[PDB]
Amino acid sequence: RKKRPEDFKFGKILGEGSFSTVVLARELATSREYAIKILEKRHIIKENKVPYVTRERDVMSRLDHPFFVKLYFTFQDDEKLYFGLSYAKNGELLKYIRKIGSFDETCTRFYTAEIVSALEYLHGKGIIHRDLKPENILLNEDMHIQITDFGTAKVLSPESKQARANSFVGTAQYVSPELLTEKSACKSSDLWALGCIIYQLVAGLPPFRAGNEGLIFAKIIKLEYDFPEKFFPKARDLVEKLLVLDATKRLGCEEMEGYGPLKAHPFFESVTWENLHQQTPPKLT
Ligand SMILES: Nc1ncnc2c1ncn2[C@@H]1O[C@H](COP(=O)(O)OP(=O)(O)OP(=O)(O)O)[C@@H](O)[C@H]1O
Ligand SMILES: O=C(O)/C=C(/CCc1ccc(Cl)cc1)c1ccccc1
């Protein structure tokens with residue numbers, strides 16, 4: 001039996017999207033806390049947003065991994081749709097970057113490793129995220145990552161050995177050159193975004209920065225960026241192996257033989273991959 005709005009006591013708003021509100025809720029029968037994402041049916045129908053909502057449900061239903069926000073249940077009433085999600089108490093990674101300014105090497109390594117571990121799982125299921133960015137990497141009460149925002153994700157079809165997807169989605173600062181030039185994204189598009197994120201953790205800002213999208217696009221396709229002084233040398237090597245225009249030459253992509261070579265990069269020398277989600281994350285700074 002599907003859950004109903006009356007099964008929950010709703011509390012504070014956790015965040016607002018263009019077409020959605022995420023509210024903290026306690027399930028009355030269990031006292032469990034969920035982040036419940038609510039959308040108005042009329043609104044999403046009028047704004048042609050329905051395939052984003054069905055895409056989110058469909059992609060999240062396939063995922064079962066400690067580094068992703070979990071979809072526990074969905075339900076609907078006359079006016080609304082509801083996603084019952086795990087509550088990431090500590091919110092967006094982005095706000096930590098802003099307040100601290102720049103992660104030290106141990107924190108950069110730890111969070112990068114968790115993102116790499118998440119992407120390995122996601123790509124192993126044939127799913128491209130397409131909107132990987134600090135605002136979409138949430139943190140749970142233990143400060144592990146919880147990647148979210150799957151309305152713009154794509155399940156590639158195994159049956160047709162599908163490698164490329166054609167919807168133009170994502171966030172300008174993290175969009176891959178192939179999406180700008182070839183008008184399609186692939187799993188390697190996420191590794192481009194990973195490179196931007198590692199750079200941002202260390203430098204404080206993502207690498208292709210400008211006051212508007214068009215200027216950012218022009219820089220992306222020219223690979224127009226540089227490192228600040230004091231960028232950790234092993235991180236720099238890794239970023240240069242990810243921010244590569246040719247999508248088939250990025251460390252971790254299928255044509256470069258996958259995640260083994262990525263996980264083996266000297267930047268991750270100290271990392272115990274196997275139990276990341278049970279390790280205590282390093283204290284931020
Ligand atoms: N499981 C969760 N736990 C805690 N906070 C969450 C969770 N899911 C989302 N949030 C918060 O709610 C905000 C809004 O999320 P939502 O998915 O509704 O829209 P969005 O993706 O932020 O915006 P848009 O749809 O306009 O791109 C998020 O940015 C995040 O801060
Ligand atoms: O999963 C369900 O219980 C059913 C739906 C209903 C599918 C649907 C989609 C869009 C609209 Cl306008 C109406 C109904 C749902 C889909 C996504 C998120 C939450 C609930």
# chains A, B, ... in the order shown; residues from 1 in each chain; ligands from 1
>>> select_by_dssp(residues="range 21-255 of chain A", states="alpha helix (DSSP H)", output="CSV table (one decimal) with N, CA, C and O atoms, in the first residue's frame")
chain,number,residue,atom,x,y,z
A,41,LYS,N,1.2,18.8,-9.6
A,41,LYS,CA,0.8,18.2,-10.9
A,41,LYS,C,0.5,19.2,-12.0
A,41,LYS,O,1.1,19.1,-13.1
A,42,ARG,N,-0.4,20.1,-11.7
A,42,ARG,CA,-0.8,21.2,-12.6
A,42,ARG,C,0.4,21.9,-13.1
A,42,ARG,O,0.6,22.2,-14.3
A,43,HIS,N,1.3,22.3,-12.2
A,43,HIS,CA,2.5,23.1,-12.5
A,43,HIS,C,3.4,22.4,-13.5
A,43,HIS,O,3.9,22.9,-14.5
A,44,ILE,N,3.7,21.1,-13.2
A,44,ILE,CA,4.7,20.4,-14.1
A,44,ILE,C,4.0,20.0,-15.4
A,44,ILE,O,4.8,19.9,-16.4
A,45,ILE,N,2.7,19.8,-15.4
A,45,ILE,CA,2.0,19.6,-16.7
A,45,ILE,C,2.0,20.8,-17.6
A,45,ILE,O,2.4,20.7,-18.8
A,46,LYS,N,1.7,22.0,-17.0
A,46,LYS,CA,1.7,23.2,-17.7
A,46,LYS,C,3.1,23.6,-18.1
A,46,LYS,O,3.3,24.3,-19.2
A,50,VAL,N,6.9,17.0,-17.0
A,50,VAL,CA,6.6,15.6,-16.6
A,50,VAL,C,7.8,14.6,-16.9
A,50,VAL,O,8.0,13.8,-16.1
A,51,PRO,N,8.4,14.7,-18.1
A,51,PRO,CA,9.4,13.7,-18.3
A,51,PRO,C,10.6,13.8,-17.4
A,51,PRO,O,11.3,12.8,-17.2
A,52,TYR,N,10.9,15.0,-16.8
A,52,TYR,CA,11.9,15.1,-15.8
A,52,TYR,C,11.6,14.4,-14.5
A,52,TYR,O,12.4,13.8,-13.8
A,53,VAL,N,10.3,14.4,-14.1
A,53,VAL,CA,9.8,13.7,-12.9
A,53,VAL,C,9.8,12.2,-13.0
A,53,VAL,O,10.2,11.5,-12.1
A,54,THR,N,9.3,11.7,-14.2
A,54,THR,CA,9.4,10.3,-14.4
A,54,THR,C,10.8,9.8,-14.6
A,54,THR,O,11.2,8.7,-14.2
A,55,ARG,N,11.7,10.6,-15.3
A,55,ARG,CA,13.1,10.3,-15.4
A,55,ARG,C,13.7,10.1,-14.0
A,55,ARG,O,14.4,9.1,-13.7
A,56,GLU,N,13.5,11.1,-13.1
A,56,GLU,CA,14.0,11.1,-11.8
A,56,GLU,C,13.6,9.8,-11.0
A,56,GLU,O,14.5,9.1,-10.5
A,57,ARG,N,12.3,9.4,-11.1
A,57,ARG,CA,11.8,8.2,-10.4
A,57,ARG,C,12.5,7.0,-11.0
A,57,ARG,O,13.0,6.1,-10.3
A,58,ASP,N,12.5,6.9,-12.3
A,58,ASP,CA,13.0,5.7,-13.0
A,58,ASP,C,14.5,5.5,-12.7
A,58,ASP,O,14.9,4.4,-12.5
A,59,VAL,N,15.3,6.6,-12.8
A,59,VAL,CA,16.7,6.4,-12.5
A,59,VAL,C,17.0,6.1,-11.1
A,59,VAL,O,17.7,5.1,-10.8
A,60,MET,N,16.4,6.8,-10.2
A,60,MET,CA,16.6,6.5,-8.7
A,60,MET,C,16.2,5.2,-8.3
A,60,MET,O,16.8,4.6,-7.3
A,93,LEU,N,27.5,20.1,-0.6
A,93,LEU,CA,28.9,20.3,-0.5
A,93,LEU,C,29.4,21.7,-0.9
A,93,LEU,O,30.4,22.2,-0.3
A,94,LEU,N,28.7,22.3,-1.8
A,94,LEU,CA,29.1,23.7,-2.3
A,94,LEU,C,29.2,24.6,-1.1
A,94,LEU,O,30.2,25.4,-1.1
A,95,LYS,N,28.3,24.6,-0.1
A,95,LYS,CA,28.4,25.6,0.9
A,95,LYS,C,29.7,25.4,1.8
A,95,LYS,O,30.1,26.4,2.4
A,96,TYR,N,30.2,24.2,1.9
A,96,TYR,CA,31.5,24.0,2.6
A,96,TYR,C,32.6,24.5,1.8
A,96,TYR,O,33.5,25.1,2.5
A,97,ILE,N,32.6,24.4,0.5
A,97,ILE,CA,33.7,25.0,-0.3
A,97,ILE,C,33.7,26.6,-0.1
A,97,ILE,O,34.7,27.2,0.1
A,98,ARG,N,32.5,27.2,-0.1
A,98,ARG,CA,32.4,28.6,0.1
A,98,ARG,C,32.9,29.1,1.4
A,98,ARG,O,33.6,30.1,1.5
A,99,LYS,N,32.5,28.4,2.5
A,99,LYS,CA,32.8,28.9,3.8
A,99,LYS,C,34.3,28.6,4.2
A,99,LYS,O,34.9,29.4,4.8
A,100,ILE,N,34.8,27.5,3.8
A,100,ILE,CA,36.2,27.1,4.1
A,100,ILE,C,37.2,27.7,3.0
A,100,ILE,O,38.3,28.1,3.4
A,105,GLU,N,44.6,18.7,1.2
A,105,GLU,CA,44.8,17.6,0.3
A,105,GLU,C,44.1,16.3,0.8
A,105,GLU,O,43.5,15.6,0.0
A,106,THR,N,44.1,16.0,2.1
A,106,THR,CA,43.4,14.9,2.7
A,106,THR,C,41.9,14.9,2.5
A,106,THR,O,41.3,13.9,2.1
A,107,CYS,N,41.3,16.1,2.7
A,107,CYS,CA,39.8,16.2,2.4
A,107,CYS,C,39.5,16.2,0.9
A,107,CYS,O,38.5,15.6,0.5
A,108,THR,N,40.3,16.8,0.1
A,108,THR,CA,40.2,16.7,-1.3
A,108,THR,C,40.2,15.3,-1.8
A,108,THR,O,39.4,14.8,-2.5
A,109,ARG,N,41.3,14.6,-1.3
A,109,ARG,CA,41.4,13.2,-1.7
A,109,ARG,C,40.2,12.3,-1.3
A,109,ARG,O,39.8,11.5,-2.1
A,110,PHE,N,39.8,12.5,0.0
A,110,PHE,CA,38.7,11.7,0.5
A,110,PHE,C,37.4,11.9,-0.2
A,110,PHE,O,36.7,10.9,-0.7
A,111,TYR,N,37.0,13.1,-0.4
A,111,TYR,CA,35.8,13.4,-1.1
A,111,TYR,C,35.9,13.1,-2.6
A,111,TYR,O,34.9,12.6,-3.2
A,112,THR,N,37.0,13.3,-3.2
A,112,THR,CA,37.2,12.9,-4.6
A,112,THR,C,37.1,11.4,-4.7
A,112,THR,O,36.4,10.9,-5.7
A,113,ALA,N,37.7,10.6,-3.8
A,113,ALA,CA,37.6,9.2,-3.8
A,113,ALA,C,36.1,8.7,-3.7
A,113,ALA,O,35.7,7.8,-4.4
A,114,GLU,N,35.4,9.3,-2.8
A,114,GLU,CA,33.9,9.0,-2.7
A,114,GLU,C,33.2,9.2,-4.0
A,114,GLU,O,32.4,8.4,-4.4
A,115,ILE,N,33.4,10.4,-4.6
A,115,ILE,CA,32.8,10.7,-5.9
A,115,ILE,C,33.2,9.7,-7.0
A,115,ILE,O,32.4,9.2,-7.7
A,116,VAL,N,34.5,9.4,-7.0
A,116,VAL,CA,35.0,8.3,-8.0
A,116,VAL,C,34.3,7.0,-7.7
A,116,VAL,O,33.8,6.3,-8.6
A,117,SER,N,34.2,6.6,-6.4
A,117,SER,CA,33.5,5.3,-6.1
A,117,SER,C,32.0,5.3,-6.5
A,117,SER,O,31.5,4.3,-7.1
A,118,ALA,N,31.3,6.5,-6.4
A,118,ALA,CA,30.0,6.6,-6.8
A,118,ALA,C,29.8,6.6,-8.3
A,118,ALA,O,29.0,5.9,-8.8
A,119,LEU,N,30.7,7.2,-9.0
A,119,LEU,CA,30.7,7.2,-10.5
A,119,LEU,C,31.0,5.8,-11.1
A,119,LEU,O,30.4,5.4,-12.1
A,120,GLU,N,31.9,5.1,-10.5
A,120,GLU,CA,32.2,3.8,-10.9
A,120,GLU,C,30.9,2.9,-10.8
A,120,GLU,O,30.6,2.2,-11.8
A,121,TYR,N,30.2,3.0,-9.7
A,121,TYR,CA,28.9,2.3,-9.6
A,121,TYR,C,27.9,2.7,-10.6
A,121,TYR,O,27.2,1.9,-11.3
A,122,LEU,N,27.7,4.1,-10.7
A,122,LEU,CA,26.7,4.6,-11.7
A,122,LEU,C,27.0,4.2,-13.1
A,122,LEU,O,26.1,3.8,-13.8
A,123,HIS,N,28.3,4.4,-13.6
A,123,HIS,CA,28.6,4.0,-14.9
A,123,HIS,C,28.6,2.5,-15.1
A,123,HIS,O,28.3,2.0,-16.3
A,124,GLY,N,28.8,1.7,-14.1
A,124,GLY,CA,28.6,0.3,-14.2
A,124,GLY,C,27.2,-0.2,-14.4
A,124,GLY,O,27.0,-1.2,-15.0
A,177,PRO,N,32.8,19.5,-23.2
A,177,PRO,CA,33.0,20.0,-24.6
A,177,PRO,C,32.2,19.2,-25.6
A,177,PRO,O,31.7,19.8,-26.6
A,178,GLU,N,32.1,17.9,-25.4
A,178,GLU,CA,31.4,17.1,-26.4
A,178,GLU,C,29.9,17.5,-26.5
A,178,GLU,O,29.3,17.5,-27.6
A,179,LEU,N,29.3,17.8,-25.3
A,179,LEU,CA,28.0,18.3,-25.3
A,179,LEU,C,27.8,19.6,-26.1
A,179,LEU,O,26.8,19.8,-26.8
A,180,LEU,N,28.8,20.5,-26.0
A,180,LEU,CA,28.8,21.7,-26.7
A,180,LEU,C,29.0,21.6,-28.2
A,180,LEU,O,28.3,22.2,-29.0
A,181,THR,N,29.9,20.7,-28.6
A,181,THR,CA,30.3,20.6,-30.0
A,181,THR,C,29.6,19.5,-30.7
A,181,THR,O,29.1,19.7,-31.8
A,187,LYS,N,29.3,8.7,-20.7
A,187,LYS,CA,29.7,8.5,-19.4
A,187,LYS,C,31.0,9.4,-19.1
A,187,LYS,O,31.1,9.9,-18.0
A,188,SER,N,31.8,9.5,-20.0
A,188,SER,CA,33.1,10.4,-19.9
A,188,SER,C,32.7,11.9,-19.6
A,188,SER,O,33.5,12.6,-19.0
A,189,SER,N,31.5,12.3,-20.0
A,189,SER,CA,31.1,13.7,-19.7
A,189,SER,C,31.1,13.9,-18.2
A,189,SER,O,31.4,15.0,-17.7
A,190,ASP,N,30.7,12.8,-17.4
A,190,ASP,CA,30.8,12.9,-15.9
A,190,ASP,C,32.2,13.1,-15.4
A,190,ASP,O,32.5,13.6,-14.3
A,191,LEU,N,33.2,12.5,-16.1
A,191,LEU,CA,34.6,12.6,-15.7
A,191,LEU,C,35.2,13.9,-15.9
A,191,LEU,O,36.1,14.4,-15.2
A,192,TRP,N,34.7,14.6,-16.9
A,192,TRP,CA,35.0,16.0,-17.2
A,192,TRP,C,34.5,16.8,-16.0
A,192,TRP,O,35.3,17.6,-15.4
A,193,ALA,N,33.2,16.6,-15.6
A,193,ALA,CA,32.7,17.3,-14.4
A,193,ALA,C,33.5,17.0,-13.1
A,193,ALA,O,33.7,17.9,-12.3
A,194,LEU,N,33.9,15.7,-13.0
A,194,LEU,CA,34.7,15.3,-11.9
A,194,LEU,C,36.0,16.2,-11.8
A,194,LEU,O,36.4,16.6,-10.7
A,195,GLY,N,36.7,16.3,-12.9
A,195,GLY,CA,37.9,17.2,-13.1
A,195,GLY,C,37.6,18.6,-12.6
A,195,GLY,O,38.4,19.2,-11.8
A,196,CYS,N,36.5,19.2,-13.1
A,196,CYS,CA,36.0,20.6,-12.6
A,196,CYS,C,35.8,20.6,-11.1
A,196,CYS,O,36.2,21.6,-10.5
A,197,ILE,N,35.2,19.6,-10.5
A,197,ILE,CA,35.0,19.5,-9.1
A,197,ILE,C,36.3,19.4,-8.3
A,197,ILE,O,36.5,20.1,-7.3
A,198,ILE,N,37.2,18.5,-8.7
A,198,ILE,CA,38.4,18.4,-8.0
A,198,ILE,C,39.1,19.7,-8.0
A,198,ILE,O,39.6,20.3,-7.0
A,199,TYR,N,39.2,20.4,-9.2
A,199,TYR,CA,39.8,21.7,-9.3
A,199,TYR,C,39.1,22.7,-8.4
A,199,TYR,O,39.8,23.4,-7.6
A,200,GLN,N,37.8,22.7,-8.3
A,200,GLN,CA,37.1,23.6,-7.4
A,200,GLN,C,37.3,23.3,-5.9
A,200,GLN,O,37.4,24.3,-5.1
A,201,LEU,N,37.4,22.1,-5.5
A,201,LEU,CA,37.8,21.8,-4.1
A,201,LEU,C,39.1,22.4,-3.7
A,201,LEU,O,39.2,22.9,-2.6
A,202,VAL,N,40.1,22.4,-4.6
A,202,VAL,CA,41.4,22.9,-4.2
A,202,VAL,C,41.5,24.4,-4.4
A,202,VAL,O,42.1,25.2,-3.6
A,203,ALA,N,41.0,24.9,-5.6
A,203,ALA,CA,41.2,26.3,-6.0
A,203,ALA,C,40.1,27.3,-5.4
A,203,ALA,O,40.3,28.5,-5.4
A,213,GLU,N,26.9,32.3,-19.4
A,213,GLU,CA,27.1,31.0,-20.0
A,213,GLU,C,27.9,31.0,-21.3
A,213,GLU,O,28.7,30.1,-21.5
A,214,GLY,N,27.6,31.9,-22.2
A,214,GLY,CA,28.2,31.9,-23.5
A,214,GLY,C,29.7,32.0,-23.4
A,214,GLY,O,30.4,31.3,-24.1
A,215,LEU,N,30.2,32.9,-22.5
A,215,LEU,CA,31.6,33.0,-22.2
A,215,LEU,C,32.2,31.8,-21.6
A,215,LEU,O,33.3,31.4,-22.0
A,216,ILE,N,31.5,31.2,-20.7
A,216,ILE,CA,32.0,29.9,-20.2
A,216,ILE,C,32.1,28.8,-21.3
A,216,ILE,O,33.2,28.2,-21.4
A,217,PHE,N,31.1,28.7,-22.2
A,217,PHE,CA,31.1,27.8,-23.3
A,217,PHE,C,32.4,28.0,-24.1
A,217,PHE,O,33.0,27.0,-24.5
A,218,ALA,N,32.6,29.2,-24.5
A,218,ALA,CA,33.8,29.5,-25.4
A,218,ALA,C,35.1,29.1,-24.7
A,218,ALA,O,36.0,28.7,-25.4
A,219,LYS,N,35.2,29.2,-23.4
A,219,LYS,CA,36.4,28.8,-22.7
A,219,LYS,C,36.5,27.3,-22.6
A,219,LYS,O,37.6,26.7,-22.7
A,220,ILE,N,35.4,26.6,-22.4
A,220,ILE,CA,35.4,25.1,-22.3
A,220,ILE,C,35.9,24.5,-23.6
A,220,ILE,O,36.8,23.7,-23.5
A,221,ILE,N,35.4,25.0,-24.7
A,221,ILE,CA,35.8,24.3,-26.0
A,221,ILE,C,37.3,24.6,-26.4
A,221,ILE,O,37.9,23.9,-27.2
A,233,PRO,N,50.4,19.1,-6.4
A,233,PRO,CA,50.9,18.5,-7.7
A,233,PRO,C,50.2,17.2,-8.1
A,233,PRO,O,49.9,17.1,-9.3
A,234,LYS,N,49.9,16.3,-7.2
A,234,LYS,CA,49.2,15.0,-7.6
A,234,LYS,C,47.8,15.3,-8.1
A,234,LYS,O,47.3,14.6,-9.0
A,235,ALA,N,47.1,16.2,-7.4
A,235,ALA,CA,45.8,16.6,-7.9
A,235,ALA,C,45.8,17.3,-9.2
A,235,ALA,O,45.0,17.1,-10.1
A,236,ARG,N,46.9,18.1,-9.4
A,236,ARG,CA,47.0,18.8,-10.7
A,236,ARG,C,47.1,17.8,-11.9
A,236,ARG,O,46.5,17.9,-12.9
A,237,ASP,N,48.0,16.8,-11.7
A,237,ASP,CA,48.2,15.8,-12.7
A,237,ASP,C,46.8,15.1,-13.0
A,237,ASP,O,46.5,14.8,-14.2
A,238,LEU,N,46.1,14.8,-12.0
A,238,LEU,CA,44.8,14.1,-12.1
A,238,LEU,C,43.8,15.0,-12.9
A,238,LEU,O,43.1,14.5,-13.8
A,239,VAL,N,43.7,16.3,-12.5
A,239,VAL,CA,42.8,17.2,-13.2
A,239,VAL,C,43.2,17.3,-14.7
A,239,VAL,O,42.3,17.3,-15.6
A,240,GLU,N,44.5,17.4,-15.0
A,240,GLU,CA,44.9,17.5,-16.4
A,240,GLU,C,44.6,16.2,-17.2
A,240,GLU,O,44.4,16.2,-18.4
A,241,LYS,N,44.4,15.1,-16.5
A,241,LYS,CA,44.0,13.8,-17.1
A,241,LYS,C,42.5,13.6,-17.3
A,241,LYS,O,42.1,12.7,-17.9
A,242,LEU,N,41.7,14.5,-16.7
A,242,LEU,CA,40.3,14.5,-16.7
A,242,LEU,C,39.7,15.6,-17.6
A,242,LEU,O,38.9,15.4,-18.4
>>> residues_near_ligand(ligand="ligand 1", cutoff="6 Å", atoms="only C-alpha atoms and all ligand atoms", output="PDB file with N, CA and C atoms, in the first residue's frame")
ATOM      1  N   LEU A  14      13.622  22.220   3.277  1.00  0.00           N
ATOM      2  CA  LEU A  14      15.046  21.925   3.172  1.00  0.00           C
ATOM      3  C   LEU A  14      15.654  22.626   1.982  1.00  0.00           C
ATOM      4  N   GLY A  15      14.847  22.855   0.958  1.00  0.00           N
ATOM      5  CA  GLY A  15      15.323  23.517  -0.268  1.00  0.00           C
ATOM      6  C   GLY A  15      14.217  23.645  -1.286  1.00  0.00           C
ATOM      7  N   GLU A  16      14.441  24.508  -2.267  1.00  0.00           N
ATOM      8  CA  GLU A  16      13.447  24.757  -3.295  1.00  0.00           C
ATOM      9  C   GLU A  16      14.127  24.650  -4.641  1.00  0.00           C
ATOM     10  N   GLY A  17      13.497  23.939  -5.561  1.00  0.00           N
ATOM     11  CA  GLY A  17      13.937  23.920  -6.952  1.00  0.00           C
ATOM     12  C   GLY A  17      12.985  24.769  -7.776  1.00  0.00           C
ATOM     13  N   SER A  18      13.217  24.804  -9.089  1.00  0.00           N
ATOM     14  CA  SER A  18      12.353  25.546 -10.017  1.00  0.00           C
ATOM     15  C   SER A  18      10.922  25.027  -9.952  1.00  0.00           C
ATOM     16  N   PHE A  19      10.791  23.704  -9.852  1.00  0.00           N
ATOM     17  CA  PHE A  19       9.481  23.051  -9.949  1.00  0.00           C
ATOM     18  C   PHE A  19       9.143  22.182  -8.738  1.00  0.00           C
ATOM     19  N   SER A  20       9.886  22.375  -7.652  1.00  0.00           N
ATOM     20  CA  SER A  20       9.815  21.468  -6.508  1.00  0.00           C
ATOM     21  C   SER A  20      10.204  22.125  -5.195  1.00  0.00           C
ATOM     22  N   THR A  21       9.729  21.517  -4.110  1.00  0.00           N
ATOM     23  CA  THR A  21      10.071  21.901  -2.747  1.00  0.00           C
ATOM     24  C   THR A  21      10.427  20.607  -2.012  1.00  0.00           C
ATOM     25  N   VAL A  22      11.505  20.632  -1.249  1.00  0.00           N
ATOM     26  CA  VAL A  22      11.913  19.482  -0.457  1.00  0.00           C
ATOM     27  C   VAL A  22      11.665  19.827   1.010  1.00  0.00           C
ATOM     28  N   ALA A  35      13.517  13.236   3.656  1.00  0.00           N
ATOM     29  CA  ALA A  35      13.379  14.461   2.875  1.00  0.00           C
ATOM     30  C   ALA A  35      12.353  14.156   1.801  1.00  0.00           C
ATOM     31  N   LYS A  37      10.358  15.287  -1.476  1.00  0.00           N
ATOM     32  CA  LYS A  37      10.321  16.224  -2.603  1.00  0.00           C
ATOM     33  C   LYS A  37       8.932  16.220  -3.180  1.00  0.00           C
ATOM     34  N   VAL A  69      21.697   9.509  -2.747  1.00  0.00           N
ATOM     35  CA  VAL A  69      20.409   9.727  -2.089  1.00  0.00           C
ATOM     36  C   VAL A  69      19.514   8.577  -2.506  1.00  0.00           C
ATOM     37  N   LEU A  85      12.687  10.525   0.110  1.00  0.00           N
ATOM     38  CA  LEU A  85      14.158  10.414  -0.056  1.00  0.00           C
ATOM     39  C   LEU A  85      14.879  10.318   1.275  1.00  0.00           C
ATOM     40  N   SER A  86      16.095   9.766   1.265  1.00  0.00           N
ATOM     41  CA  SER A  86      16.925   9.814   2.448  1.00  0.00           C
ATOM     42  C   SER A  86      17.262  11.272   2.725  1.00  0.00           C
ATOM     43  N   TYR A  87      17.340  11.633   4.004  1.00  0.00           N
ATOM     44  CA  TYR A  87      17.619  13.007   4.432  1.00  0.00           C
ATOM     45  C   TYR A  87      19.125  13.193   4.575  1.00  0.00           C
ATOM     46  N   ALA A  88      19.694  14.066   3.757  1.00  0.00           N
ATOM     47  CA  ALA A  88      21.113  14.387   3.877  1.00  0.00           C
ATOM     48  C   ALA A  88      21.202  15.625   4.736  1.00  0.00           C
ATOM     49  N   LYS A  89      21.425  15.403   6.024  1.00  0.00           N
ATOM     50  CA  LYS A  89      21.278  16.425   7.048  1.00  0.00           C
ATOM     51  C   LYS A  89      22.210  17.599   6.850  1.00  0.00           C
ATOM     52  N   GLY A  91      23.451  18.863   4.076  1.00  0.00           N
ATOM     53  CA  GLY A  91      23.196  19.716   2.908  1.00  0.00           C
ATOM     54  C   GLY A  91      24.261  19.646   1.832  1.00  0.00           C
ATOM     55  N   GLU A  92      24.406  20.726   1.070  1.00  0.00           N
ATOM     56  CA  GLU A  92      25.207  20.705  -0.161  1.00  0.00           C
ATOM     57  C   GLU A  92      26.687  20.845   0.131  1.00  0.00           C
ATOM     58  N   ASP A 149      19.865  14.510  -7.639  1.00  0.00           N
ATOM     59  CA  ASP A 149      19.447  15.220  -8.865  1.00  0.00           C
ATOM     60  C   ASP A 149      19.550  14.328 -10.097  1.00  0.00           C
TER      61      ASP A 149
END
>>> select_by_dssp(residues="range 97-230 of chain A", states="strand (DSSP E or B)", output="VMD selection string")
chain A and resid 127 to 128 137 to 139 145 to 147 154 to 155 165 185
>>> write_last_selection(atoms="N, CA, C and O atoms", output="short mmCIF file (atom, residue, chain, number, x, y, z; two decimals), in the first residue's frame")
data_model
loop_
_atom_site.label_atom_id
_atom_site.label_comp_id
_atom_site.auth_asym_id
_atom_site.auth_seq_id
_atom_site.Cartn_x
_atom_site.Cartn_y
_atom_site.Cartn_z
N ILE A 127 24.48 4.34 -16.43
CA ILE A 127 23.78 5.59 -16.20
C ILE A 127 24.77 6.76 -16.26
O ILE A 127 25.83 6.69 -15.67
N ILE A 128 24.42 7.82 -16.99
CA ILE A 128 25.22 9.06 -16.98
C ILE A 128 24.49 10.06 -16.07
O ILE A 128 23.26 10.19 -16.17
N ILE A 137 25.94 17.32 -4.72
CA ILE A 137 26.59 16.36 -3.87
C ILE A 137 26.23 16.77 -2.46
O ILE A 137 26.70 17.79 -1.94
N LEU A 138 25.32 16.01 -1.84
CA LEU A 138 24.86 16.39 -0.51
C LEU A 138 25.69 15.63 0.52
O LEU A 138 26.49 14.75 0.15
N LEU A 139 25.54 15.97 1.79
CA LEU A 139 26.31 15.28 2.80
C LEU A 139 25.39 14.78 3.89
O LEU A 139 24.50 15.53 4.35
N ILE A 145 29.22 11.57 1.29
CA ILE A 145 28.48 12.14 0.17
C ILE A 145 27.19 11.37 -0.14
O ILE A 145 27.07 10.17 0.13
N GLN A 146 26.24 12.12 -0.68
CA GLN A 146 24.96 11.59 -1.12
C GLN A 146 24.66 12.34 -2.39
O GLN A 146 24.18 13.48 -2.34
N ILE A 147 24.97 11.73 -3.52
CA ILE A 147 24.76 12.40 -4.80
C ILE A 147 23.27 12.38 -5.14
O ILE A 147 22.58 11.38 -4.93
N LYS A 154 20.61 9.89 -17.39
CA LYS A 154 20.19 9.12 -18.53
C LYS A 154 20.59 7.65 -18.34
O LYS A 154 21.74 7.37 -18.06
N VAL A 155 19.65 6.72 -18.49
CA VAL A 155 20.01 5.31 -18.51
C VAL A 155 20.31 4.93 -19.95
O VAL A 155 19.44 5.00 -20.79
N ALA A 165 24.06 10.20 -25.47
CA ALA A 165 22.70 10.66 -25.17
C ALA A 165 22.51 12.08 -25.72
O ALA A 165 23.46 12.86 -25.71
N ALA A 185 26.17 13.72 -24.84
CA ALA A 185 26.97 13.43 -23.65
C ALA A 185 27.19 11.92 -23.58
O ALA A 185 26.44 11.14 -24.17
#
>>> closest_residue(among="A:36, A:167, A:225, A:230", to="residue 205 in chain A", atoms="only C-alpha atoms")
A:225
>>> residues_around(residues="residue 26 in chain A", least_positions_apart="3", cutoff="6 Å", atoms="only C-alpha atoms", output="ChimeraX atom specification")
/A:8-9,31-33
>>> atom_distance(atom1="CA of residue 258 in chain A", atom2="CA of residue 270 in chain A")
20.0 Å
